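[1] Generate a structure from the sequence data that follows.
(3 chains)
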Amino acid sequence: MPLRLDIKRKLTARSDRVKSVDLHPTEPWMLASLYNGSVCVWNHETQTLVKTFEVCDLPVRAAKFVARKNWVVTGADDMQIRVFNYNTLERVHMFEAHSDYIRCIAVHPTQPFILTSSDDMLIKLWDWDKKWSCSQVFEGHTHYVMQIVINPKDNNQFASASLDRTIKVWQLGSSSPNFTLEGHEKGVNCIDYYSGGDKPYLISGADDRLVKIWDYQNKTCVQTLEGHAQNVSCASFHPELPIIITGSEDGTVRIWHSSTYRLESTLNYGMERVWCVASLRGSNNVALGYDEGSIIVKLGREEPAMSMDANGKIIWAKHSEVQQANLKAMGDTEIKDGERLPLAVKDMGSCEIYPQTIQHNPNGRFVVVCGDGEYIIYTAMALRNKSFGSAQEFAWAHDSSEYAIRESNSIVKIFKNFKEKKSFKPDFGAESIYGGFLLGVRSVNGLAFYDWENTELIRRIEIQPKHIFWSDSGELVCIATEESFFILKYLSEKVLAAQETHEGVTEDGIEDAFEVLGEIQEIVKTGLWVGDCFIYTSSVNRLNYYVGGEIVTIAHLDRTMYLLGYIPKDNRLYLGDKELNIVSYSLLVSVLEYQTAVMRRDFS
Amino acid sequence: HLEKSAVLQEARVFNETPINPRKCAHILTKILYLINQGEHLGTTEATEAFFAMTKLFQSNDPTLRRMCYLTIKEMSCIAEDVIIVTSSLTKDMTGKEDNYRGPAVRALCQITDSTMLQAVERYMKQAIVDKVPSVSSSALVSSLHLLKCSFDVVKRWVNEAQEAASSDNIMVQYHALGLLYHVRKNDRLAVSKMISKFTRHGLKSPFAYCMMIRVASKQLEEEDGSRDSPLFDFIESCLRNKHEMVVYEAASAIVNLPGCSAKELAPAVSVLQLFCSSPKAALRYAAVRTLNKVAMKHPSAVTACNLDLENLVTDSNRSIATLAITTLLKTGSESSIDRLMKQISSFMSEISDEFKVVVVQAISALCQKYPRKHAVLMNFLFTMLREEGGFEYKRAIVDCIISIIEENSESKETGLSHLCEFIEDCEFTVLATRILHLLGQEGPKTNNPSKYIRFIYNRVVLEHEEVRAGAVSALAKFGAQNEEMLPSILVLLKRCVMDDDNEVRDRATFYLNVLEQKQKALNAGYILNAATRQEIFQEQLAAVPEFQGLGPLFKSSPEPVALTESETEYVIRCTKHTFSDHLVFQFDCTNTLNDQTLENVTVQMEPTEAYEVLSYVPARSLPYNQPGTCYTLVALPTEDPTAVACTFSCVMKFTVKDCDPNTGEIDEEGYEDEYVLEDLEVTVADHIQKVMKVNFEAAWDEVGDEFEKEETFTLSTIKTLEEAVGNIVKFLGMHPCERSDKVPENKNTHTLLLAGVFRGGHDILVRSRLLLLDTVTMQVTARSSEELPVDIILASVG
Amino acid sequence: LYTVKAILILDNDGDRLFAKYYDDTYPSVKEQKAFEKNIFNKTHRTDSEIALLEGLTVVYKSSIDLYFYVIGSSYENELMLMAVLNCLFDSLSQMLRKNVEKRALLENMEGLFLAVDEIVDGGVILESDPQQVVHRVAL
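    Numbering: from 1, shown residues only, chains lettered A, B, ... in the order given. Take a look:
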């Protein structure tokens, strides 16, 4: 299945062998330790350095942020532990815990702890509240302690990896593991945990190119995986998607689906080997140290697929990667604007294709959903497949009765009820296609207007946008185009005549179609037509509607979000997160209308 | 032999540790044997057995692991506890004796329950999915019995679930699909996009192909769309490979030609036919009987002779014997050859693979293609039938006689003649019973009295009070009717023929006595044995009393409209009714989804071209797949320009309530959502009776007089009525006239001077003079006896 | 496909020393015998290349000592169906180094049994070739 997916080369740096990486969540800062011996902390967002520290100039193996603590923890292989309060980078304390090359720290978050593993064949626990006591020493070694990871899930219990090939999982009441298991046929480089609390897997790494999965509760190697191209420097659990990240001793990325387990893809930033990895716990952004540098990639959608019937059911599907099996919500009750609400429970669905679009039929009704690149349309109540095919790009014929498609070539065919509509068949350069009332083909950094029955270049305007929302009846239409935004009139009659006369301009489209009413310089988180009113979000998180020459913020939102739906009757807006708590604020549409009409001189 | 007893006692063997795998296994075997052969027993003992057995389980004694599986295996939809193992299942689960693990799960699943269902689940998910093909297989089978029970637990998992079904072993690949038999039972759409997956890849298991075929086929009947390329694609696919079954499979359905497909397909088929034509696929026989249908087309038929001749000739192979009868039959035969065959048959039929049965089937077909018809054949056959005989004809006779009756055969004189005679000296009392009964009814409608009498006497002639008796009973229908001579004599006869022998005496006496008892004529008798269609609807509607006017229905709907499109949850078909005063839309239906029952139902209509809107009515409750009625009512304004044709806007409102169909619940709560309601448009034919005039000449003019509106168009891009024509005959629903209707596939000029009467009593009249100069310019007149119609017609016609 | 009404290995004394009604919906040990009787008595060690009884496929065989019955529906092609039937003779023969006999039958049932479950399990033929089996099994 396709990479029609989010992969972003989020941030780059080319550097050295950056051994270690550690994440500051609480503010998405990242800490990295180098084979240089200098460590740096960056705000990636603008490729800006939050702080750098020369902790040692010997390669600095281990790093943590202690967020709770508000301090940042550092260690270099002067075998000393140096502390900074990250709240400057003011350096708090130093002392010598482990006297050999200190490989890893694992931390109890709940409980005030710093766990360390070091090459001394020792794991020591030190207590920060006790002011770096060596509270307890965990031993049962056979070699250098290469890695420690805390099962944070049960913080409390943790697992250890060594290249003598074995793994000890421990209980506090075992300053030794509970047991050791004889994992590798190589060495166990690494041990990692399974994001879910529900089930339990570890992945452990080797360069032997074999992966074993283990279920702790049973205590099995669930299974052992092969296929590989080169010594897997690392392989990781995708915590967002069910995929397997494989990494190599050459810095090869191979992905196997942690569901298909089919090689979904190979990527080369041959920046050489997977030294480190660290992942967003919000499960979406990840960074790995490579030799030639490091790269960070951004990998997410911002939504599920759902569309809401104005009775009041936003039927979404899935949750985040859960089966689609879950749609419904007519609710049953009422409560205060600020306060929160209850859902119903009765799934339908359990599709396979993984979507990223939902769009309702124009009457809510028929949704066409695309995923895996093909479109299943559902008969919804029916839970029937209304229909399917493979896309590239789309417009419903807004009317609620036809649809258009952009074939994964790029040349148009349109179908109304599986009949191609060729009365209209430009196939010009595009960019994207827009439907609605009036046909857009967005092409050649222009947006070009077309008929609905034959094509006509109605108009072309200056540039290309990103999105269109049309007023409801089409009329005044709203196009979202980065920061900036415009509101327009489309004037029919001219066309009728002009057309009759035939002789026109269409390079530009015909200058005798549309008019440019006014423009707001705008940034949109999400946006809305209330009729022709543009009620909109801004990504600056004020919910405003541009009204009357005025834009007013009804309210400003946490941070910005998704517009649940205003079921007008109720006159309220349901606001929607993506975490399935709905908030509602009533307006009263009439008020707007009242305003609309009166200005129009419909005072009465 | 079998018996429980030794074994229960013998359970103390469990007590030993020195045992040999063999020794015990056998003992275990003995119990299982009784059972394999069949046994029945108490639970208590079974339970006990379990315990006893269960008791043993230190080892991994492999052999030991299997037997129990059996044992357990014996119990699955009629079990005894589940829990006991549990541990043991898990033990496998962490435990790599891979082998074993798989059998155990499999048994459980007929035996299962929901809580316990909860158990396997994360793992399970894995497990189905897990590793070596072998293990995975083991997993699968297990569900199915649980599917009996249910399986939905599974089901759910599905968007996500299927994808793993992606395969890399043939055997496996085949298997995946059946589960998909039920999967596709659940869904059709899914297939379609799916197929393009199935379609997308060439397949492994001949086996996999097969299910698809049925399916594929299944799809085809009404058409599987533009099977052209697929069908074709398939066509190769079925057509050749190294696995025969597919080609054949395809072949039998696919013909297509009564003046239809025969192209490639006949040759390919031929390659096959011939190829098969000696028991390659002894399959070939069945097909001709129907699967690959035959009743031919005329030159085509002649070609068929050779193949049938091979079978006909060969006479062997059960598969052959059957084949002979179907092929010959389907293709049909000349008289002549039959002759040769009759002799062949003479030997053959008795046993020649046990020909008689195929033959009786064949025979049943014979009776049908000629069930007393080609009577010459029927007789030739008859002679032959009796003759070749054995005895086995009798069975056949049951059919044959039946066939003759089905025709209600008319060369009876002859047919009967053979029957009568032969049967006499072809015996079997039993036949006589049946035939008697039939004959019993028939009598003098088919005459030939003397003969028939002649017969009848004979039939009686035979002894048996009983044999004798039938001639009298048959006679009652007959007697009563009398024939070409009978009543006088009919009276004379019962007298002439008379009998003693007590109860036989009695029969004569009694029939007589019975006869004695009623006036024989009577005796025989006892013993022997506007305000339209639509008005009705006005009345049908009438049982309700929430009215706000009605009238009497004038005309009804020219077309009922499904107000919810195809096969929707709230499937609606609507019918509209016109009365002289009101129009009612009464709404016909099947609140579709078993999801729902709709409650608090009423129907909104909102209008454009007049009607006074009195009310929206809805049905109180609508459960699934069951008409209920909802109505919407209007009163019809008649003398206005623009006032009864209307489109009304519909929105369905209901409080939507969920169902349990098993046993439900009906409670005050549940919440509304409203769904769009389809338009209703009202016609100029729901209201009208189309007519011929009370006075056309006069009326024709007259209607002009008071009434007349006009529209003219001059037609310059098309010089054809026809477009116009499509809108006018059809929209108005009236009669085109003044002998001014008719046009062939062309015609120079046309007038419809056209009729019917509108609701509210008064008439709506139209003259359309279509004029062809060679452009068309035309005068459409509407003239009316009602004001609202002249404006209307001109519109409405469109 | 949950398609075995029963597979029986019958003696040709109308006896049945094996029956598994993989699938069943009619009963009685008697009726089973009766049903058996009509057909068995009739086929009487004789079999047919093909036989259909009940619109249903009857594939049955005979050995040199034993009568094999499978009942299925003529609603699923011979070639495959037989293939399983074939599989049944052959593997038993090779593996054991001996095919069925009355004698063989008499000494031990189990192996048949062992095999049978493996091959088929109910109305779904999980498998129809020996080899897999042959390795798979090792008893």
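
[2] For the rest of this, base every contact and every neighbour count on C-alpha atoms.
    Fine.

[3] Residue of chain C nearest chain A, please.
    Chain A sits closest to residue C:136 of chain C, with a gap of 21.2 Å, by C-alpha to the nearest C-alpha.

[4] got the end-to-end distance for stretch C:49-67?
    14 Å (C-alpha to C-alpha, to the nearest Å).

[5] so how far is that stretch off the chain centroid?
    Chain-centre distance of stretch C:49-67: 9 Å, with C-alpha atoms, centre = their mean, to the nearest Å.

[6] ok, residues contacting that stretch?
    Contacts with stretch C:49-67, where a contact means C-alpha atoms under 8 Å, 6 or more residues apart in numbering or on different chains, come from B:282-283, B:317-319, C:9-12, C:45-48, C:68-76, C:81-82, C:85, C:100-102.

[7] Any quick ChimeraX command for the buried ones out of the residues you listed?
    Selecting only the buried members of the contacts of stretch C:49-67 in ChimeraX, with burial defined as 16 or more other C-alpha atoms under 10 Å in any protein chain shown, works like this:
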select /B:282,283,317,318,319 /C:9,10,11,12,45,47,48,68,69,70,71,72,73,74,76,81,82,85,100
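
[8] In helices, which of the contacts of stretch C:49-67 appear?
    B:318, B:319, C:81, C:82, C:85, C:102 (DSSP state H).

[9] farthest pair in those?
    Pairwise distances across the ones in helices among the contacts of stretch C:49-67 peak at 28.9 Å for B:319 and C:102 (criterion: C-alpha to C-alpha).

[10] element containing residue 266?
    All of this is about chain A. strand A:263-267 (DSSP states H and E).

[11] other chain: chain B
    Going by DSSP H and E, residue B:266 is in helix B:265-276.

[12] packing partners for that helix?
    Other helices and strands packing on helix B:265-276, by 3 or more C-alpha pairs under 8 Å, 6 or more residues apart in numbering or on different chains; DSSP states H and E, are helix B:245-254.

[13] okay, the angle between the helix it packs on and helix B:265-276?
    Angle, helix B:245-254 to helix B:265-276, by axes from the mean of the first three to the mean of the last three C-alpha atoms, to 10 degrees: 130 degrees.

[14] Name the residues of the helix holding residue B:266 that are buried.
    Quick answer for helix B:265-276 (16+ other C-alpha under 10 Å): B:265, B:266, B:269, B:272, B:273, B:276.

[15] what's the distance between the helix or strand in which residue B:723 is found and the middle of its chain?
    Per DSSP H and E: residue B:723 is located in helix B:722-732. Taking the mean of its C-alpha atoms, helix B:722-732 sits 38 Å from the chain's own mean (C-alpha atoms, centre = their mean).

[16] Remind me what that helix packs against, helices and strands.
    The elements that helix B:722-732 packs onto, with contact taken as 3+ C-alpha pairs under 8 Å, 6+ apart, are helix B:787-797.

[17] Of all the residues in the helix it packs on, which ones are buried?
    Quick answer for helix B:787-797 (16+ other C-alpha under 10 Å): B:787, B:788, B:789, B:790, B:791, B:792, B:793, B:794, B:796, B:797.

[18] Please give me every residue in contact with the fourth one.
    Contact partners of residue B:790, counting by C-alpha under 8 Å, 6+ apart, are B:707, B:708, B:709, B:764, B:765, B:782, B:783, B:784.

[19] Just give me the neighbour total for the residue nearest to it when sequence neighbours are not counted.
    The shortest distance from residue B:790 to any non-neighbouring residue, by C-alpha to C-alpha, 6 or more residues apart in numbering or on different chains, is to residue B:782 (4.9 Å). By other C-alpha atoms under 10 Å in any protein chain shown, the residues close to residue B:782 number 26.

[20] so which helix or strand takes in residue B:782?
    strand B:776-784.

[21] and if you look at residue B:218?
    Going by DSSP H and E, residue B:218 is in helix B:206-220.

[22] buried ones in the lengthiest strand in chain C?
    Counting residues, the longest strand found in chain C (DSSP state E) is strand C:56-62. By neighbour count with 16+ other C-alpha under 10 Å, strand C:56-62 contains the buried residues C:57, C:58, C:59, C:60, C:61, C:62.

[23] Name the strands paired with it and say parallel or antiparallel.
    Strand C:56-62 has its sheet partners listed here by DSSP bridges as strand C:51-53 (antiparallel), strand C:67-71 (antiparallel).

[24] who's in contact with residue A:466?
    A:479, A:480, A:481, A:482.

[25] go again using 10 Å as the cut-off
    Contacts were defined as C-alpha atoms under 10 Å, 6 or more residues apart in numbering or on different chains; by that measure residue A:466 touches A:431, A:432, A:442, A:479, A:480, A:481, A:482.
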